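Laid out below as structure tokens are two forms of one and the same protein chain, each shown alone and named structure 1 and structure 2.
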Structure 1
């Protein structure tokens, strides 16, 4: 792939429907832990170990400690220069009748905090719950999410399981329900939301320029979205700290922290 910013900027000046696909690389630049690399653990586990219907079925306390930790950590995190350039570009182009859509694998809401309005959160959100009895999905920014979790969730190896009984984990507040809540986060082995997938398929079919930003952690189907666009002849620009297994299918590859490359690219 090319690293000609001048060539990318030519396409950028004319594009009417831009899809930006973001992965954890963009969150790591704001210091948000991801729990996925070689070496990236919470206690003795990684995200793929805890973000699973198996972990929740067998140890819902532990899975809640882990998402509690992640919610509380966000308290003190801010969107970075890459989130901002993406949000500013959306705003600016929309005044020109041009469309920018962000499809994000991230669940941390930093794009939303930066001002991105056209945001498809394909793996859900740290700050949503879903009731496992009635299925209602609700916003929840409470700190702590329930009292039994106050002080829990510490990441250090050695840390004991809180072992909170299911009755004192987060519970649905809908009148007449009382069911156990779960994070409204898509786990490994589960279906993505069919409504969101329809949007994603439609946006990808219309777009005339695709950006792929901080997607070194490979997850399906998201890792297929940009190859699908490139396979139609549409230019794809990858902004990442390293190459990925799909890099050789894209038109552009710009190496470096997204925070350094995006502000220039999207000016």
Structure 2
């Protein structure tokens, strides 16, 4: 039904799951690399976010992720992210739970103040050593000196073609292994531990929100339907149970007041 009917459910909901999609990041001007304007140079983003592309050209893969890390400098969380964060803070002092399950890798939910965050696809600001497996936070600009001035999005740009030795290297003593971005690539599974946390949130929630994506599309498809099958209401906020059409920065400040 209406927004007034959603607010009734929202006022009584004690454990809210928020499934956050690409729409939420696109509203902050964050480049998504899906759709028609989801291109970097002469390749598809799907072409680069793969174990195969990193094995054959780690320099080109690192140039792509270096760009994505650098564009975040000028990006700020929108009214959607803020309303989500303030909602968690406020409801937490009332002994009620708000959890954000996101596929976004830009950390804007983290900058807005969301604490209960599940980043199922990893983060741009995390590296993983291909030799020792250590996962680490990395906000350094540029991530390595050979990547200084590299990663121009424009097609025609020559490959930086950095030797593997000069790409980001693990700083753990005696390792020096090749680092990769700590993100889920095409053909890779989600971390089972992260999946267990997700499963647990979905099974205990009394309200579920799907924002800047829909329930009939991945990853919200692996999550939101089994919530609706338990009887629990699902509200979708998108540019396309309850459904609310429009930007998240418009509908969420209101819904989550």
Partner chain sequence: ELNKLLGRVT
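Residue numbers count along the first chain shown, from 1. In this text, the rigid core denotes the largest set of C-alpha atoms whose superposition between the two forms falls within 1.5 Å.
Between the two isolated copies of the chain, the first is the form solved in complex with the partner chain. Of the candidates 209, 222, 204, 28, the Cα that moves 2 angstroms or more after core superposition between structures 1 and 2 belongs to 222 alone. Aligning the rigid core leaves the CA of residue 164 displaced by 0.9 Å between structures 1 and 2.
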